[PDB]
Structure formats: structure tokens, C-alpha cells
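Novice: The data below comprise the sequence and an experimental structure of the protein.
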Amino acid sequence: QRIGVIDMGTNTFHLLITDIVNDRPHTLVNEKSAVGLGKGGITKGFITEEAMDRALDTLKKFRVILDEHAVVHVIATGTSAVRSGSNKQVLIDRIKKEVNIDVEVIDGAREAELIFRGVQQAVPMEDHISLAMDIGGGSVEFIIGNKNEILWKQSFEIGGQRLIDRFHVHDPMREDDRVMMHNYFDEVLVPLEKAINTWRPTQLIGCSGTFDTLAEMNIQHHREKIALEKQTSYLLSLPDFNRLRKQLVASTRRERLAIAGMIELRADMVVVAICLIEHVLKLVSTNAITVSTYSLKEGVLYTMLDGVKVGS
Ligand SMILES: [Cl-]
Ligand SMILES: [Cl-]
């Protein structure tokens, strides 16, 4: 039948609708909407009224699109901003009343697992031990695995909206800001360092909006005739990453707002995100970065198609 998946992310909500004919899935809708669920509240442990109202607006629109495609099987996941918010049940109950969708709140571990199922479908890793990283506005998930297995995974509440709200990063970034961020990452990421030492991944994979934007910027810079919508991976060399890093660290918020595809909430957090990627790169001896165009919503879909329960 047709399957609809909603990812209620901290910055951006996503809607994926897939038809599955002759056991082959085909995308009917892949839509996003900037919601800013974390704005004004995430580091203080709540969701604001304005953010809840934006969320409901977007969900009313997504409900129309679901109905316009006669979708029967729907699953809507709530992740970092939803699970973190003391008033999450207010939002969940408003959603049920307004559009008759039940939000499935998933913890960080399960979010990481589901993301990696999407990565496995997008990037054929063979037996290569790989570190995948998903940077969102609220959390960052890290998974070590290969085509068949997850060896280790962990979610950390260090998504970009949290980072820019908890710390004062200057516009543009200063040397002392770089010290601040990498010192913080040193403290937070100890379990990641330990896992990397244990499993020795040899490749780095990134997914979600920050990585999609880096890919799109690189495509434009090299004048590549590549629609990222029509392929499931994109390899970014380390020299290309370092060009983008230098460009974005030097940039102002206003300059970033002018980059094609760089939505406002991503412009706000992309510099701290690139600092985190650099930090992780120094821990791995990868040869390049592979961007997976699949992330949580695709992992949910493929988990469903596998015949496996999504929640937990
Ligand atoms: Cl926080
Ligand atoms: Cl967890």
C-alpha cells in the first residue's frame, strides 16, 4: 500500500510518502517545512506556544497532503525537541485532536538505529566499518556499523539549536569561540572516542540537513550537473570539506542566508555543526566524507518494509 512517514525534527519537519509496487518503493512526496520546535525553549526544557503553533500549522498541511494521496499507513515520530520538552504531551494531545495522528516518541538510541537503517539503504558499505553521524537541531546521533550490523550507537543532546543557545558564538566566529566549542566537544564525546578506539571505523558518513547543504554547496562550486534528489549518496573529499569549513567559519549569518538551500534555522547553526564535523574527522582516519541522502524518515520506511516494529 502507500506509507506516509513524518519526522518531527527540532528545526525541520519532513513528510515522505512512498508507494510500494512489485515490492519496489517509489517516492510520491518528499516535503519539508521549517518549524523551529526548539526555538525559544529547547535548552530550558520546554516547547514554546509559538513553536507548538508552527508545528500544528505544518502538521495540518501535512495531513492534507497525506489525504490527497490516500495514505492509510502513517507514522509520525517525535525526536529530540519532543522527548526533551516538559510539555510534550500538550503538543502530542493537540496533534491528536487537530489531525488525528498519534505521535510516536522515540528515544535517542532508537533514533540512531532507525537512521542507520536508512543509511544502509542509501550507502552500500559492504563490510567496511563505518561511522555515521546525523546532525539535527536538537541531537546528534552516531552509529558504528556496516551493511549488516550495528556495532555501537549513541545519541547526544548537542544539536545545533542547543549549541547556539547555550553558548554565545560570535558572528563571525572568533578564535576563542573555536576553543569553547572544541573544549565542550572534548567533554561530551568521550563515549564516542572510546567506541572509535574499540571498533576502528575507516569511513565517515553524514546525513540530514547540514550534510545535504554541504553536498549542494560543493556541487555548485564544482559546477557538477548533479541532482542530489536522484542519487542516494555523494562523496565529499576532505579538501572540499576543508574549503567549505574555511568558508563557513569566516561567514556571517547574513552571508549564509544567501546560500542556495540554506534555510534560516540551518544558517543559524551550520557553523557550530561544521566545527563538530571537523572535531569528529580528527578522531577518524576516513579518506573522504560520504553524504547519505537518506536519514530517519527513510529508516522508518525501510524498517516498516522489513516487517519490524518502529517504536521504542
Ligand atoms: Cl541543552
Ligand atoms: Cl537514549
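Specialist: Yep, it's here. Numbers count the residues shown, from 1 in each chain. Ligands and ions are numbered 1, 2, ... in the order given.
Novice: Okay, now stretch 5-20: how far is its last residue from its first?
Specialist: Stretch 5-20 stretches 14 Å from its first residue to its last (CA to CA, to the nearest Å).
Novice: hmm, it touching ligand 1?
Specialist: No: Stretch 5-20 lies out of reach of ligand 1 by CB under 5 Å from the ion, never closer than 11.1 Å. Where you see a C-beta, it was placed from the backbone N, CA and C, and this is true even at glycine.
Novice: Next, the buried residues of that stretch.
Specialist: Buried positions in stretch 5-20, judged by neighbour count with 16 or more other CB atoms under 10 Å: 5-18.
Novice: Same question for stretch 233-246.
Specialist: Applying a neighbour-count criterion of 16+ other CB under 10 Å, one finds 233-234, 236, 240-241, 244-245 buried in stretch 233-246.
Novice: what's the closest of those residues to ligand 1?
Specialist: residue 245 (24.2 Å; CB to the ion).
Novice: With residue 238 as the reference, measure out to that closest one.
Specialist: Relative to residue 238, residue 245 is positioned 10 Å away (criterion: CB to CB, to the nearest Å).
Novice: What are the boundaries of the strands in this protein?
Specialist: 2-8, 12-21, 24-34, 73-78, 103-105, 130-135, 140-145, 150-156, 203-207, 233-237, 288-292 (DSSP state E).
Novice: Of all these, which one is nearest ligand 2?
Specialist: The nearest among the strands of the chain, by CB to the ion, is strand 150-156 at 5.5 Å.
Novice: Report the distance from the closest one to the chain centre.
Specialist: 15 Å (CA atoms, centre = their mean, to the nearest Å).
Novice: Name every strand pairing with that strand and say which way it goes.
Specialist: Strand 150-156 has the following strand partners under DSSP bridges: strand 140-145 (antiparallel).
Novice: Contacts only, for the residue in the stretch 1-150 of the chain that ligand 1 sits nearest to.
Specialist: Closest residue of the stretch 1-150 of the chain to ligand 1, CB to the ion: residue 43 (4.0 Å). Contacts of residue 43 were listed using CB atoms under 8 Å, 6 or more residues apart in numbering, and they are 162, 165-166.
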